[PDB]
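Source file: final13.tsv (TSV, C-alpha atoms)
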```
chain	number	residue	atom	x	y	z
X	2404	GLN	CA	175.41	147.11	-343.05
X	2405	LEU	CA	174.27	144.88	-340.16
X	2406	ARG	CA	172.35	146.94	-337.59
X	2407	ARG	CA	172.02	145.02	-334.32
X	2408	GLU	CA	168.95	145.21	-332.03
X	2409	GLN	CA	168.99	144.42	-328.28
X	2410	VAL	CA	165.99	142.46	-326.99
X	2411	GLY	CA	165.15	141.47	-323.42
X	2420	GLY	CA	176.53	133.92	-330.04
X	2421	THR	CA	173.49	134.02	-327.78
X	2422	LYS	CA	174.14	137.75	-327.41
X	2423	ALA	CA	174.63	137.84	-331.18
X	2424	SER	CA	171.34	135.97	-331.58
X	2425	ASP	CA	169.87	138.52	-329.17
X	2426	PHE	CA	170.59	141.40	-331.50
X	2427	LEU	CA	168.37	141.38	-334.58
X	2428	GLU	CA	170.39	141.46	-337.80
X	2429	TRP	CA	169.33	142.76	-341.20
X	2430	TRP	CA	171.57	143.46	-344.19
X	2431	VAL	CA	171.46	147.11	-345.29
X	2432	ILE	CA	172.89	148.46	-348.57
X	2433	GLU	CA	174.32	151.94	-349.16
X	2434	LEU	CA	175.93	153.41	-352.31
X	2435	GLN	CA	179.71	153.13	-352.20
X	2436	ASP	CA	179.89	156.80	-353.24
X	2437	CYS	CA	176.93	158.36	-351.42
X	2438	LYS	CA	176.50	161.96	-350.26
X	2439	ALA	CA	172.93	162.77	-349.14
X	2440	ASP	CA	170.57	160.05	-350.48
X	2441	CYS	CA	172.28	157.31	-348.46
X	2442	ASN	CA	168.93	155.64	-347.70
X	2443	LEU	CA	167.91	155.27	-351.36
X	2444	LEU	CA	169.37	153.68	-354.50
X	2445	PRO	CA	168.22	155.00	-357.90
X	2446	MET	CA	168.34	152.19	-360.48
X	2447	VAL	CA	167.58	153.06	-364.10
X	2448	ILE	CA	165.45	150.56	-366.05
X	2449	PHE	CA	164.49	150.74	-369.74
X	2450	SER	CA	160.81	149.81	-370.17
X	2451	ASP	CA	160.63	148.62	-373.77
Q	2356	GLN	CA	149.15	154.15	-331.35
Q	2357	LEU	CA	148.87	150.53	-332.49
Q	2358	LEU	CA	152.45	150.41	-333.73
Q	2359	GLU	CA	153.70	152.25	-330.62
Q	2360	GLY	CA	152.80	150.15	-327.59
Q	2361	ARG	CA	149.69	150.09	-325.39
Q	2362	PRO	CA	146.71	147.89	-324.41
Q	2363	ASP	CA	144.58	146.41	-327.17
Q	2364	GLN	CA	142.92	148.98	-329.43
Q	2365	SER	CA	141.65	148.96	-333.01
Q	2366	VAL	CA	142.16	151.29	-336.00
Q	2367	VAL	CA	140.15	153.32	-338.51
Q	2368	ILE	CA	139.88	151.29	-341.72
Q	2369	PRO	CA	136.64	152.53	-343.35
Q	2370	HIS	CA	135.34	149.61	-345.43
Q	2371	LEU	CA	137.94	149.34	-348.17
Q	2372	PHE	CA	137.40	145.62	-348.70
Q	2373	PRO	CA	134.96	144.61	-351.48
Q	2374	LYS	CA	133.09	141.40	-350.65
Q	2375	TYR	CA	132.28	140.07	-354.14
Q	2376	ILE	CA	135.14	139.87	-356.65
Q	2377	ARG	CA	135.38	138.46	-360.19
Q	2378	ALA	CA	138.29	136.47	-361.68
Q	2379	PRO	CA	138.18	136.45	-365.49
Q	2380	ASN	CA	140.69	134.68	-367.67
Q	2381	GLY	CA	141.69	138.28	-368.26
Q	2382	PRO	CA	145.12	139.45	-367.17
Q	2383	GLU	CA	143.87	140.65	-363.75
Q	2384	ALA	CA	140.72	140.01	-361.69
Q	2385	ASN	CA	138.33	142.89	-361.03
Q	2386	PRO	CA	135.66	143.29	-358.35
Q	2387	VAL	CA	131.96	143.22	-359.23
Q	2388	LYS	CA	130.41	146.53	-360.25
Q	2389	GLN	CA	126.79	145.35	-360.06
Q	2390	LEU	CA	127.09	143.81	-356.58
Q	2391	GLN	CA	129.12	146.86	-355.43
Q	2392	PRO	CA	127.43	149.80	-357.17
Q	2393	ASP	CA	128.38	152.09	-354.28
Q	2394	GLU	CA	131.99	150.79	-354.47
Q	2395	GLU	CA	133.79	151.60	-351.18
Q	2396	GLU	CA	130.43	152.18	-349.48
Q	2397	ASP	CA	129.47	148.58	-350.31
Q	2398	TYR	CA	132.95	147.33	-349.41
Q	2399	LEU	CA	133.54	145.69	-346.04
Q	2400	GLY	CA	135.94	146.81	-343.33
Q	2401	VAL	CA	138.44	145.31	-340.88
Q	2402	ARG	CA	140.62	146.36	-337.95
Q	2403	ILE	CA	144.37	145.92	-337.52
Q	2404	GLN	CA	145.40	144.20	-334.28
Q	2405	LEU	CA	148.98	144.05	-332.96
Q	2406	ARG	CA	149.40	141.23	-330.43
Q	2407	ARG	CA	152.63	141.65	-328.45
Q	2408	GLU	CA	154.81	138.73	-327.25
Q	2409	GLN	CA	157.23	138.92	-324.29
Q	2410	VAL	CA	160.57	137.15	-324.80
Q	2411	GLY	CA	163.41	136.68	-322.33
Q	2420	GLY	CA	161.61	150.64	-327.93
Q	2421	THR	CA	163.83	147.80	-326.78
Q	2422	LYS	CA	160.85	146.57	-324.77
Q	2423	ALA	CA	158.76	147.20	-327.89
Q	2424	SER	CA	161.30	145.21	-329.92
Q	2425	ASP	CA	161.05	142.56	-327.20
Q	2426	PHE	CA	157.38	141.94	-327.86
Q	2427	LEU	CA	156.76	140.18	-331.17
Q	2428	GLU	CA	154.34	142.10	-333.38
Q	2429	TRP	CA	152.07	140.78	-336.13
Q	2430	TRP	CA	149.17	142.55	-337.83
Q	2431	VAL	CA	145.81	140.86	-337.19
Q	2432	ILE	CA	142.71	141.61	-339.27
Q	2433	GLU	CA	139.13	141.16	-338.04
Q	2434	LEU	CA	135.77	142.19	-339.55
Q	2435	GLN	CA	134.54	145.63	-338.54
Q	2436	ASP	CA	131.10	144.07	-337.92
Q	2437	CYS	CA	131.95	140.61	-336.55
Q	2438	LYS	CA	129.88	138.44	-334.20
Q	2439	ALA	CA	131.19	134.86	-333.91
Q	2440	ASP	CA	133.58	134.16	-336.83
Q	2441	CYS	CA	136.03	136.86	-335.70
Q	2442	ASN	CA	139.01	134.67	-336.67
Q	2443	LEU	CA	137.90	134.19	-340.28
Q	2444	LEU	CA	137.06	136.44	-343.25
Q	2445	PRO	CA	134.83	134.93	-345.98
Q	2446	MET	CA	135.59	136.61	-349.33
Q	2447	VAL	CA	133.45	135.83	-352.38
Q	2448	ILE	CA	135.34	135.21	-355.64
Q	2449	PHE	CA	133.80	134.49	-359.06
Q	2450	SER	CA	135.74	131.74	-360.85
Q	2451	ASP	CA	134.99	132.38	-364.52
J	2212	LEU	CA	148.09	148.14	-392.23
J	2213	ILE	CA	148.08	144.67	-390.63
J	2214	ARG	CA	151.82	145.29	-390.20
J	2215	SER	CA	151.55	148.79	-388.72
J	2216	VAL	CA	152.02	148.79	-384.94
J	2217	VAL	CA	151.88	151.60	-382.38
J	2218	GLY	CA	154.92	151.69	-380.10
J	2219	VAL	CA	152.85	151.46	-376.90
J	2220	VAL	CA	155.32	151.41	-374.01
J	2221	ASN	CA	155.05	148.70	-371.35
J	2222	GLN	CA	156.18	150.15	-368.02
J	2223	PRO	CA	156.63	147.60	-365.19
J	2224	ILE	CA	154.19	148.36	-362.37
J	2225	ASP	CA	156.43	146.72	-359.77
J	2226	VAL	CA	160.14	145.94	-359.38
J	2227	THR	CA	161.97	143.64	-356.97
J	2228	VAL	CA	165.64	143.21	-356.12
J	2229	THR	CA	167.27	140.66	-353.86
J	2230	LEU	CA	170.73	140.13	-352.39
J	2231	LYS	CA	171.55	136.54	-351.44
J	2232	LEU	CA	174.82	135.00	-350.27
J	2233	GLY	CA	175.50	131.30	-350.69
J	2234	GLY	CA	172.75	128.73	-351.06
J	2235	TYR	CA	171.44	129.35	-347.55
J	2236	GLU	CA	169.10	132.36	-347.46
J	2237	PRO	CA	168.55	135.82	-348.98
J	2238	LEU	CA	170.28	138.41	-346.83
J	2239	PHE	CA	168.24	141.32	-348.19
J	2240	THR	CA	165.40	142.06	-350.63
J	2241	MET	CA	163.46	145.22	-351.60
J	2242	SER	CA	160.54	146.11	-353.86
J	2243	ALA	CA	159.94	149.72	-354.92
J	2244	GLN	CA	156.23	149.84	-355.49
J	2245	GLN	CA	154.53	152.93	-357.05
J	2246	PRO	CA	156.07	156.10	-355.59
J	2247	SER	CA	159.66	154.87	-355.81
J	2248	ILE	CA	159.07	154.13	-359.51
J	2249	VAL	CA	159.58	157.48	-361.25
J	2250	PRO	CA	158.93	157.43	-365.01
J	2251	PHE	CA	161.10	159.96	-366.77
J	2252	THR	CA	159.48	163.21	-367.71
J	2253	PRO	CA	160.77	164.56	-371.04
J	2254	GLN	CA	163.13	166.86	-369.11
J	2255	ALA	CA	164.83	163.92	-367.41
J	2256	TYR	CA	165.14	162.39	-370.88
J	2257	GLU	CA	167.11	165.35	-372.20
J	2258	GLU	CA	169.17	165.22	-368.99
J	2259	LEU	CA	170.14	161.62	-369.72
J	2260	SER	CA	170.87	162.84	-373.24
J	2261	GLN	CA	173.39	165.59	-372.45
J	2262	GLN	CA	175.08	163.56	-369.73
J	2263	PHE	CA	175.98	160.99	-372.41
J	2264	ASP	CA	176.12	163.52	-375.26
J	2265	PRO	CA	179.71	162.93	-376.52
J	2266	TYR	CA	179.12	159.19	-376.94
J	2267	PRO	CA	177.16	158.44	-380.17
J	2268	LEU	CA	175.99	154.96	-379.21
J	2269	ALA	CA	174.43	156.38	-376.05
J	2270	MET	CA	172.57	159.01	-378.08
J	2271	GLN	CA	171.10	156.53	-380.53
J	2272	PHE	CA	170.19	154.11	-377.74
J	2273	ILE	CA	168.41	156.89	-375.81
J	2274	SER	CA	166.83	158.26	-379.00
J	2275	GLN	CA	165.20	154.86	-379.47
J	2276	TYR	CA	163.76	154.42	-375.95
J	2277	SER	CA	161.50	157.47	-375.37
J	2278	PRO	CA	161.24	159.08	-371.89
J	2279	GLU	CA	158.13	156.98	-371.26
J	2280	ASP	CA	160.24	153.96	-372.26
J	2281	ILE	CA	162.82	154.55	-369.51
J	2282	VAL	CA	162.04	154.74	-365.77
J	2283	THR	CA	163.99	154.69	-362.51
J	2284	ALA	CA	163.29	152.74	-359.33
J	2285	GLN	CA	164.19	154.46	-356.04
J	2286	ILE	CA	164.79	151.26	-354.11
J	2287	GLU	CA	164.89	151.94	-350.37
J	2288	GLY	CA	168.32	150.69	-349.35
J	2289	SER	CA	167.91	150.95	-345.58
J	2290	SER	CA	164.15	150.34	-345.31
J	2291	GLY	CA	164.55	146.60	-344.82
J	2292	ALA	CA	162.85	143.83	-342.91
J	2293	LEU	CA	164.46	141.66	-340.26
J	2294	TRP	CA	167.02	139.28	-341.75
J	2295	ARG	CA	166.23	136.06	-339.94
J	2296	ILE	CA	169.09	133.53	-339.87
J	2297	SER	CA	168.84	130.01	-338.50
J	2298	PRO	CA	171.77	129.90	-336.06
J	2299	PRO	CA	173.09	126.61	-337.53
J	2300	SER	CA	173.35	128.46	-340.83
J	2301	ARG	CA	174.93	131.43	-339.01
J	2302	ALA	CA	177.55	129.28	-337.28
J	2303	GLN	CA	178.46	127.48	-340.50
J	2304	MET	CA	178.64	130.89	-342.22
J	2305	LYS	CA	181.13	132.10	-339.65
J	2306	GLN	CA	183.19	128.90	-339.45
J	2307	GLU	CA	183.53	128.60	-343.23
J	2308	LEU	CA	184.20	132.32	-343.70
J	2309	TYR	CA	186.90	132.10	-341.02
J	2310	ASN	CA	188.69	128.84	-341.91
J	2311	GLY	CA	186.86	127.24	-344.84
J	2312	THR	CA	189.06	128.18	-347.80
J	2313	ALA	CA	186.31	127.52	-350.32
J	2314	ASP	CA	184.74	129.86	-352.87
J	2315	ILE	CA	181.33	131.31	-351.96
J	2316	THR	CA	179.35	133.53	-354.33
J	2317	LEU	CA	176.41	135.91	-354.13
J	2318	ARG	CA	173.15	135.39	-356.02
J	2319	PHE	CA	172.11	138.98	-356.58
J	2320	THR	CA	168.98	139.14	-358.77
J	2321	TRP	CA	166.51	141.63	-360.31
J	2322	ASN	CA	162.90	140.96	-361.35
J	2323	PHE	CA	160.63	143.42	-363.20
J	2324	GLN	CA	156.85	142.97	-362.89
J	2325	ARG	CA	154.90	144.48	-365.78
J	2326	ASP	CA	151.50	146.14	-365.85
J	2327	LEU	CA	149.81	143.04	-367.37
J	2328	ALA	CA	147.27	145.42	-368.83
J	2329	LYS	CA	150.03	146.89	-371.02
J	2330	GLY	CA	150.82	143.33	-372.12
J	2331	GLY	CA	154.55	142.68	-372.02
J	2332	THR	CA	154.35	138.91	-372.72
J	2333	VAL	CA	156.19	137.43	-369.70
J	2334	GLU	CA	155.74	140.03	-366.96
J	2335	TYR	CA	158.27	138.73	-364.41
J	2336	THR	CA	161.44	139.15	-366.45
J	2337	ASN	CA	164.51	138.81	-364.27
J	2338	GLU	CA	168.25	138.30	-364.44
J	2339	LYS	CA	170.73	136.82	-361.97
J	2340	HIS	CA	174.19	138.21	-361.12
J	2341	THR	CA	176.45	135.59	-359.52
J	2342	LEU	CA	180.07	136.69	-358.99
J	2343	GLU	CA	182.54	134.59	-357.02
J	2344	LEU	CA	184.53	136.15	-354.18
J	2345	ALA	CA	188.11	135.53	-353.02
J	2346	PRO	CA	189.14	133.42	-350.01
J	2347	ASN	CA	192.04	134.60	-347.85
J	2348	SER	CA	191.04	138.11	-348.95
J	2349	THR	CA	189.83	141.17	-347.08
J	2350	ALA	CA	186.41	140.96	-348.76
J	2351	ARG	CA	185.54	137.67	-347.07
J	2352	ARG	CA	187.25	138.87	-343.88
J	2353	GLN	CA	185.10	142.01	-343.67
J	2354	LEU	CA	181.99	139.99	-344.50
J	2355	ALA	CA	182.81	137.63	-341.61
U	2212	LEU	CA	131.25	122.75	-384.30
U	2213	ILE	CA	134.74	124.30	-384.32
U	2214	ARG	CA	132.99	127.25	-382.64
U	2215	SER	CA	131.10	125.24	-380.01
U	2216	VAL	CA	132.76	125.42	-376.59
U	2217	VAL	CA	131.88	123.80	-373.26
U	2218	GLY	CA	131.74	126.28	-370.38
U	2219	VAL	CA	134.30	124.39	-368.29
U	2220	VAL	CA	134.78	126.39	-365.09
U	2221	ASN	CA	138.30	127.29	-363.93
U	2222	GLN	CA	138.37	127.35	-360.13
U	2223	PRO	CA	141.54	128.82	-358.56
U	2224	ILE	CA	143.29	126.14	-356.51
U	2225	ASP	CA	144.96	128.74	-354.29
U	2226	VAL	CA	144.31	132.33	-353.20
U	2227	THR	CA	146.54	134.91	-351.53
U	2228	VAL	CA	145.86	138.29	-349.94
U	2229	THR	CA	148.31	140.79	-348.51
U	2230	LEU	CA	148.08	143.96	-346.44
U	2231	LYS	CA	151.03	146.32	-346.89
U	2232	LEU	CA	151.53	149.86	-345.59
U	2233	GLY	CA	153.95	152.25	-347.26
U	2234	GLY	CA	156.85	151.10	-349.38
U	2235	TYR	CA	158.59	149.44	-346.45
U	2236	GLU	CA	157.20	145.95	-345.81
U	2237	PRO	CA	153.98	143.90	-345.86
U	2238	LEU	CA	152.32	144.05	-342.45
U	2239	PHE	CA	150.17	140.95	-343.04
U	2240	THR	CA	149.64	138.26	-345.67
U	2241	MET	CA	147.42	135.17	-345.76
U	2242	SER	CA	146.71	132.30	-348.17
U	2243	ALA	CA	143.66	130.04	-347.88
U	2244	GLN	CA	144.74	126.77	-349.40
U	2245	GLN	CA	142.22	123.91	-349.98
U	2246	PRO	CA	139.85	123.66	-347.00
U	2247	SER	CA	139.28	127.40	-346.68
U	2248	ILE	CA	138.27	127.49	-350.36
U	2249	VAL	CA	134.59	126.45	-350.36
U	2250	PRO	CA	133.00	126.12	-353.81
U	2251	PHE	CA	129.31	126.95	-353.72
U	2252	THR	CA	126.81	124.14	-353.71
U	2253	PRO	CA	123.62	124.79	-355.72
U	2254	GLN	CA	121.89	125.57	-352.41
U	2255	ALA	CA	124.48	128.26	-351.65
U	2256	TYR	CA	124.01	129.63	-355.18
U	2257	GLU	CA	120.29	129.77	-354.47
U	2258	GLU	CA	121.05	131.61	-351.21
U	2259	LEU	CA	123.12	134.23	-353.04
U	2260	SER	CA	120.13	134.47	-355.38
U	2261	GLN	CA	117.40	135.27	-352.86
U	2262	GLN	CA	119.65	137.61	-350.89
U	2263	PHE	CA	119.98	139.90	-353.93
U	2264	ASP	CA	116.67	138.85	-355.51
U	2265	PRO	CA	115.00	142.31	-355.77
U	2266	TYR	CA	117.94	143.63	-357.81
U	2267	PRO	CA	117.74	142.52	-361.48
U	2268	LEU	CA	121.39	143.12	-362.35
U	2269	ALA	CA	122.49	140.86	-359.51
U	2270	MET	CA	120.05	138.21	-360.72
U	2271	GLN	CA	121.40	138.14	-364.27
U	2272	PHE	CA	125.01	138.34	-363.05
U	2273	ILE	CA	124.48	135.34	-360.75
U	2274	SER	CA	122.46	133.52	-363.43
U	2275	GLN	CA	125.54	133.72	-365.66
U	2276	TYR	CA	128.19	132.46	-363.19
U	2277	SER	CA	126.97	128.99	-362.08
U	2278	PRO	CA	127.52	127.77	-358.48
U	2279	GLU	CA	130.68	126.02	-359.66
U	2280	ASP	CA	131.72	129.37	-361.15
U	2281	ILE	CA	131.59	131.19	-357.80
U	2282	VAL	CA	133.57	130.20	-354.69
U	2283	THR	CA	134.42	131.75	-351.32
U	2284	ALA	CA	137.77	131.83	-349.54
U	2285	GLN	CA	137.70	131.60	-345.73
U	2286	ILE	CA	140.91	133.53	-345.18
U	2287	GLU	CA	142.10	133.12	-341.60
U	2288	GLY	CA	142.10	136.62	-340.14
U	2289	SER	CA	144.13	135.95	-337.00
U	2290	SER	CA	146.22	132.92	-338.03
U	2291	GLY	CA	149.16	134.94	-339.33
U	2292	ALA	CA	152.92	134.71	-338.98
U	2293	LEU	CA	155.28	137.00	-337.09
U	2294	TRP	CA	155.43	140.47	-338.65
U	2295	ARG	CA	159.14	141.20	-338.58
U	2296	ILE	CA	160.04	144.91	-338.75
U	2297	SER	CA	163.55	146.27	-339.07
U	2298	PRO	CA	163.72	148.73	-336.15
U	2299	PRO	CA	164.98	151.60	-338.37
U	2300	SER	CA	161.83	151.13	-340.43
U	2301	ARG	CA	159.79	150.98	-337.21
U	2302	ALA	CA	161.29	154.19	-335.83
U	2303	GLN	CA	160.75	156.05	-339.09
U	2304	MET	CA	157.18	154.68	-339.17
U	2305	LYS	CA	156.54	156.13	-335.74
U	2306	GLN	CA	158.32	159.46	-336.28
U	2307	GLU	CA	156.57	160.13	-339.60
```
The structure given in the file should be rewritten as structure tokens.
Amino acid sequence: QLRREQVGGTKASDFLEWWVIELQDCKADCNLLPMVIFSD
Amino acid sequence: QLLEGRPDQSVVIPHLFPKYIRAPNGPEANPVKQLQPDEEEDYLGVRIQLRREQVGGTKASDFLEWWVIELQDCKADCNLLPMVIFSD
Amino acid sequence: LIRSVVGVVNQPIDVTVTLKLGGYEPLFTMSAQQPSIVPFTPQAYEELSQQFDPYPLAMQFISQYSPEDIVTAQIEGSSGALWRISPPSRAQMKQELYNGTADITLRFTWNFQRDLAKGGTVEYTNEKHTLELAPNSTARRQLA
Amino acid sequence: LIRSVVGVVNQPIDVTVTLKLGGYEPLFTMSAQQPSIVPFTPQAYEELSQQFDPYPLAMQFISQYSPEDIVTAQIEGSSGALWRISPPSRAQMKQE
């Protein structure tokens, strides 16, 4: 997800872009990704 | 208030910064217990400063923000923080 | 006795993930620090157990790695920082994605930073996940 | 002889500090490189000595770590880089 941000191509550069990830199958925890790790 | 937008104003950071620190060959590098017996009481403090920068909420996004640290008790070296480290 | 060893678990204090496209710049990168790193309580360990209860391999593999040996990072998907992009890079991104019928791949990578008091030998273990995409396909089109 | 060891000091070439709030992003981070890393001269070691001279523990602890064994980093407080903040993160900062 690329959320644009007005400030003040050139208009595209105006918006601030930042990649945002969301679970493909997400219901309520859309702003958080649980990733299980096995600490040996 | 700092992160919001307003004229220059400092924060409340109550001396969390220990002056004298020790760097053993050990996995990490601890502060010095003897020089800081009081721990946080003997630690030094700083203030966050957010200097805005006009370009061209949205006006807040317009200004460029960057955290600036400065000694709580600073006289002339305000733009520099000497931190003692012990290279073992 | 010199051969007896206690199975002291080494739980990574920090974790980092990054999402990079092409050889140009990382698009995204997070680091769940302490509170987004939940070690499993025993109860979560049984939960993992019954969820994969029919499968025997899963049971033995869980039965080996104790609840303290398995943790979960709650990486904040949306809590990013600004993704700066040099406009030259941006333009070449767009031009190649639109007409350049080449093959461009992501460089998605995970690093685990260990306690370094709990040992762990190398404490920055990481693995890369590079998977090529398809030109003239809706994936590249939607990315563009 | 196999047990004799010279106390060769190991002085860190580089130092880094960071200031981060929450689990969202670092607000500030600095790295004094060579010229902001001042190793102590014997005179500076002496100065550290008289400043904490009444305290015995400080005296022994300094007496162990030679002037070459103790350095100071002059981290530039104000000379930072732009602190980028994804506006979602900023808004949630402010609201919380």
Closest to chain Q among U:2255, U:2213, U:2243, U:2220, using all atoms listed in the file?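 Going through U:2255, U:2213, U:2243, U:2220 one by one, the smallest distance to chain Q is for U:2220.
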Within 9 Å of chain U, which residues of chain X are there when counting only C-alpha atoms? Please give them as a PyMOL selection string. chain X and resi 2406+2408+2427-2429
Up to 6 Å from (143.8, 143.8, -334.0) in the file's coordinates: name the residues, counting all atoms listed in the file, as a PyMOL selection string. chain Q and resi 2365+2402-2405+2431-2432
Limited to C-alpha atoms, could you put the picked residues into a file as an mmCIF file, in the coordinates of the input?
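Output saved as again-v1.cif:
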```cif
data_model
loop_
_atom_site.group_PDB
_atom_site.id
_atom_site.type_symbol
_atom_site.label_atom_id
_atom_site.label_comp_id
_atom_site.auth_asym_id
_atom_site.auth_seq_id
_atom_site.Cartn_x
_atom_site.Cartn_y
_atom_site.Cartn_z
ATOM 1 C CA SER Q 2365 141.650 148.960 -333.010
ATOM 2 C CA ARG Q 2402 140.620 146.360 -337.950
ATOM 3 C CA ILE Q 2403 144.370 145.920 -337.520
ATOM 4 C CA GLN Q 2404 145.400 144.200 -334.280
ATOM 5 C CA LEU Q 2405 148.980 144.050 -332.960
ATOM 6 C CA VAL Q 2431 145.810 140.860 -337.190
ATOM 7 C CA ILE Q 2432 142.710 141.610 -339.270
#
```
Under the rule of at most 8 Å, produce a per-residue listing of chain X near chain J: chain, number, name, the closest pair of atoms, and the distance in Å, as a tab-separated table, using all atoms listed in the file.
```
residue	atom	partner	partner_atom	distance
X:2424	CA	J:2298	CA	7.6
X:2427	CA	J:2293	CA	6.9
X:2428	CA	J:2294	CA	5.6
X:2429	CA	J:2294	CA	4.2
X:2430	CA	J:2239	CA	5.6
X:2431	CA	J:2289	CA	5.2
X:2432	CA	J:2288	CA	5.1
X:2433	CA	J:2288	CA	6.1
X:2441	CA	J:2288	CA	7.8
X:2442	CA	J:2289	CA	5.2
X:2443	CA	J:2287	CA	4.6
X:2444	CA	J:2286	CA	5.2
X:2445	CA	J:2285	CA	4.5
X:2446	CA	J:2284	CA	5.2
X:2447	CA	J:2283	CA	4.3
X:2448	CA	J:2282	CA	5.4
X:2449	CA	J:2281	CA	4.2
X:2450	CA	J:2280	CA	4.7
X:2451	CA	J:2280	CA	5.6
```
Atom pair CA of residue 2237 (chain U) / CA of residue 2329 (chain J): separation (Å):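 Those two atoms sit 25.6 Å apart.
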Could you pull the residues within 9 Å of region 2273-2288 of chain U, counting all atoms listed in the file, minus those fewer than 2 positions along the same chain, as a ChimeraX atom specification? /Q:2377,2431-2434,2441-2451 /U:2220-2223,2226-2228,2241-2244,2246-2257,2259-2260,2268-2271,2290-2291
Please compute the CA of residue 2261 (chain U)-CA of residue 2375 (chain Q) distance, one decimal, in Å.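 CA of residue 2375 (chain Q) lies 15.7 Å from CA of residue 2261 (chain U).
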Quick one: which residues from chain U are at most 7 Å off chain J, using only C-alpha atoms, as number ranges by chain? U: 2234-2236, 2295-2297, 2300
Residues of chain Q within 10 Å of chain J, counting all atoms listed in the file, what are they? List them as a PDB file with C-alpha atoms, in the coordinates of the input.
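Done, and the output landed in out26.pdb:
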```
ATOM      1  CA  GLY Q2381     141.690 138.280-368.260  1.00  0.00           C
ATOM      2  CA  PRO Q2382     145.120 139.450-367.170  1.00  0.00           C
ATOM      3  CA  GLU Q2383     143.870 140.650-363.750  1.00  0.00           C
TER       4      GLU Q2383
END
```
Residue neighbourhood residue 2307 (chain J), 12 Å, only C-alpha atoms, exclusion window fewer than 3 positions, as a list in words: residues 2233, 2300, 2301, 2302, 2303, 2304, 2310, 2311, 2312, 2313, 2314, 2315, 2346, 2347, 2351, 2352, 2354 and 2355 of chain J
Of the candidates U:2245, U:2238, U:2266, U:2217, which one gets nearest to chain Q if we count all atoms listed in the file? U:2238
Residues at most 7 Å from residue 2324 (chain J), counting all atoms listed in the file, excluding those fewer than 5 positions away in the same chain, as a ChimeraX atom specification? /J:2223-2226,2334-2336
With distances taken over all atoms listed in the file, which of Q:2394, Q:2389, Q:2384, Q:2430 is nearest to residue 2370 (chain Q)?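 With all atoms listed in the file as the atom set, the closest residue is Q:2394.
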Enter the distance from CA of residue 2435 (chain Q) to CA of residue 2399 (chain Q), in Å, rounded to one decimal.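 Calculated distance between CA of residue 2435 (chain Q) and CA of residue 2399 (chain Q) is 7.6 Å.
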